[PDB]
Amino acid sequence: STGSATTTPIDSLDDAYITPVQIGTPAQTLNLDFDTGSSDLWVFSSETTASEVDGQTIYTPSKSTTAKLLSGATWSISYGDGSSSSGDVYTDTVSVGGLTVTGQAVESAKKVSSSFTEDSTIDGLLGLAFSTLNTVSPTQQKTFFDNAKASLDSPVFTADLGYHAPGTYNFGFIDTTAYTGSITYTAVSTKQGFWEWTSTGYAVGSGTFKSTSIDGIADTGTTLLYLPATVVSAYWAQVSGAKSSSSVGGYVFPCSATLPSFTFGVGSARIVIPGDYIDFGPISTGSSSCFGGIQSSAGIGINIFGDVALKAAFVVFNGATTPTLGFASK
Ligand SMILES: NCc1ccc(C(F)(F)F)cc1
Ligand SMILES: NCc1ccc(C(F)(F)F)cc1
């Protein structure tokens with residue numbers, strides 16, 4: 001079987017992408033943030049503290065004839081940005097773009113951090129990292145992808161994120177009309193539970209490509225591109241007036257500047273991020289200082305190929321017994 005669903009940016013900056021997901025019987029449709037950096041499927045629900053819900057669509061397990069409470073199971077997650085949520089666990093039927101999994105663990109939020117409450121357009125997250133990171137206790141639960149794997153035509157999913165435009169998540173098949181040229185595959189390490197791989201280097205604008213190994217994770221759930229301080233300094237040095245701002249929390253640049261492109265290596269292939277993808281607009285309404293889309297990973301501890309990088313490519317998440325990542329231009 002296969003599944004295919006359109007994913008849509010939540011705002012004019014592509015801060016995140018939401019994809020409709022059908023949960024329960026009859027279907028309750030929620031718009032979830034597909035996150036290859038985490039492994040919990042959790043949703044705003046009728047159990048969420050009422051003051052912490054502000055416009056989100058909620059899952060109501062009592063209205064689903066297929067929902068079953070998972071006795072004694074709880075979950076609690078903390079994301080790298082400081083966000084968190086926690087609650088209890090149901091199993092229910094979950095469908096993505098025609099692809100149905102029965103008995104999927106659906107984690108019902110009882111408490112969420114302020115960043116989720118203020119994001120009225122995100123009804124929850126759908127984790128797509130490896131199931132070793134799932135936070136359900138005492139019995140760890142499997143991801144939607146892991147549950148669907150056996151029935152998929154091919155054990156893969158692909159991310160085709162749009163720049164200021166809709167895109168597509170496909171499960172079980174590779175759309176050969178969605179990319180140009182060839183797909184270049186690269187080795188994945190699962191030892192930390194992430195889609196972790198090694199980029200072969202980088203270039204800034206039309207500059208010389210620097211061959212250097214950059215270990216990082218492919219994370220649809222993170223907005224920006226987080227790279228080592230040396231790389232990020234070399235990029236912003238080509239932008240007149242750009243500087244690192246402690247008060248703002250990263251590199252900013254005069255909004256009137258034109259940004260250079262950024263190239264990253266995938267084996268012998270090259271993915272080019274257009275400079276416009278790196279502009280994240282004024283730091284505050286009316287400001288002439290703009291926030292950069294490439295930032296240092298030094299405080300994070302791991303490099304993150306987030307949406308800024310992934311939306312420049314067609315990305316194959318190959319969940320074969322030896323998993324690999326594929327990148328193609330588009
Ligand atoms: N998108 C989920 C996520 C959040 C944080 C991290 C970090 F920062 F710990 F690497 C990775 C993945
Ligand atoms: N990386 C996972 C993640 C995704 C979205 C959010 C936000 F923006 F909704 F708070 C936080 C963390």
Side-chain angles (χ1 to χ4, degrees), residues 7-19 21 30-44 48 52-58 75-87 107 109 111-135 143-145 157 159 161 169 188-190 192-199 214-229 232 249-250 280-281 291 293-311 315 317 325:
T7 190
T8 304
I10 65 160
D11 58 25
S12 52
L13 297 172
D14 298 347
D15 277 317
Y17 297 82
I18 47 172
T19 309
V21 177
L30 270 71
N31 297 327
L32 307 190
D33 184 356
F34 282 23
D35 180 10
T36 61
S38 70
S39 305
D40 286 49
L41 198 176
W42 75 259
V43 295
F44 278 83
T48 310
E52 286 167 11
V53 171
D54 186 15
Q56 290 89 0
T57 292
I58 64 173
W75 63 279
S76 186
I77 201 164
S78 303
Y79 299 96
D81 64 314
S83 298
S84 72
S85 50
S86 70
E107 311 173 24
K111 218 182 127 63
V112 307
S113 49
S114 63
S115 57
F116 296 116
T117 298
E118 316 196 332
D119 263 319
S120 283
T121 62
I122 298 171
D123 304 324
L125 267 68
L126 195 137
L128 292 169
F130 293 91
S131 294
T132 60
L133 294 180
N134 178 267
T135 78
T143 69
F144 177 82
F145 182 50
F157 68 92
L161 306 174
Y169 278 107
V188 164
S189 167
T190 63
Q192 302 192 81
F194 296 121
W195 290 92
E196 189 176 359
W197 63 291
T198 304
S199 174
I214 301 163
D215 183 293
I217 63 155
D219 186 3
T220 64
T222 292
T223 310
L224 308 181
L225 179 48
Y226 292 94
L227 288 175
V232 178
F280 273 76
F291 195 70
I294 293 173
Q295 298 295 340
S296 175
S297 64
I300 288 151
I302 180 179
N303 297 310
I304 304 174
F305 289 87
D307 294 339
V308 161
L310 300 180
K311 77 173 119 171
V315 189
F317 294 80
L325 266 184

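Remember, it's 1-based here, ligands and their atoms both numbered in the order they're listed. Index from 1, following the sequence. Computation of the quantities below employed the complete heavy-atom set of this structure, encompassing side-chain atoms and omitting hydrogens, waters and symmetry-equivalent molecules.
A distance of 4.5 Å separates CD1 of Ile214 from OG of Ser199, quoted to the nearest 0.5 Å. With values rounded to the nearest 0.5 angstrom, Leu325 atom CG is found 10.5 Å from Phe305 atom CZ. With rounding to the nearest 0.5 angstrom, the CD atom of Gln56 is 11.0 Å from the CG atom of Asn31. Within the model, atoms CD of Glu196 and CG of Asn303 stand 9.5 Å from one another, a figure rounded to the nearest 0.5 Å. Between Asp33 atom CG and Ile18 atom CD1 the span is 9.0 Å, to the nearest 0.5 Å.
The residue from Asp40, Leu128, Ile302 that puts a heavy atom closest to atom 10 (F) of ligand 1 is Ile302. The residue from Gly221, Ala16, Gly82 that puts a heavy atom closest to atom 1 (N) of ligand 2 is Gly221. For atom 9 (F) of ligand 1, the nearest non-hydrogen atom from the set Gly80, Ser78, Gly216 comes from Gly80.
No option in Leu126, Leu128, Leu310 other than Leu310 meets the side-chain contact (heavy atoms from CB on, under 4.5 Å) test with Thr220. For the ring pair (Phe, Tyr, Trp, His ring centres under 6.0 Å) with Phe317, the qualifying choice from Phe157, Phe130, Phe145 is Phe157, the only one to do so.
In this structure, the side chains of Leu133 and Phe194 come closer than 4.5 Å at one or more pairs of heavy atoms.
Contacts with ligand 1 closer than 4.0 Å are made by side-chain heavy atoms of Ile304 only, the backbone lying farther away. Looking at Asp15 against ligand 2, nothing comes within 4.0 Å, counting heavy atoms. Heavy atoms of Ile217 found under 4.0 angstrom from ligand 1 belong exclusively to the side chain.
For ligand 2, the atoms lying closer than 4.0 Å to a non-hydrogen atom of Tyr79 are 2 (C). Residue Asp119 approaches ligand 2 through these ligand atoms, each under 4.0 Å from one of its heavy atoms: 7 (C), 8 (F), 9 (F), 10 (F). Under a 4.0 Å criterion applied to the non-hydrogen atoms of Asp33, ligand 2 contributes the atoms 4 (C), 5 (C). With ligand atoms numbered from 1 in the order given, ligand 1 contributes 8 (F) to contacts under 4.0 Å with heavy atoms of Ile300.
Between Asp219 and ligand 1, a contact under 3.5 Å exists for at least one N or O pair. Looking at ligand 1, you'll find an N or O of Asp35 within less than 3.5 Å of one of its N or O atoms.
Checked by atom type and distance alone, the side chain of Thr223 pairs as donor or acceptor with a backbone atom of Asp15 at under 3.5 Å.
Classification of the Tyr169-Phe34 ring pair by plane angle, with boundaries at 30° and 60°, yields tilted.
Residue contacts with ligand 2 include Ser83, since one or more of its heavy atoms lies under 4.0 Å from the ligand.
Given atom 6 (C) of ligand 2, the protein heavy atom at minimum distance is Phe116 CE2, 3.8 Å. Looking from atom 12 (C) of ligand 2 to the surrounding protein, the closest heavy atom is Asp81 OD1, 3.6 Å.
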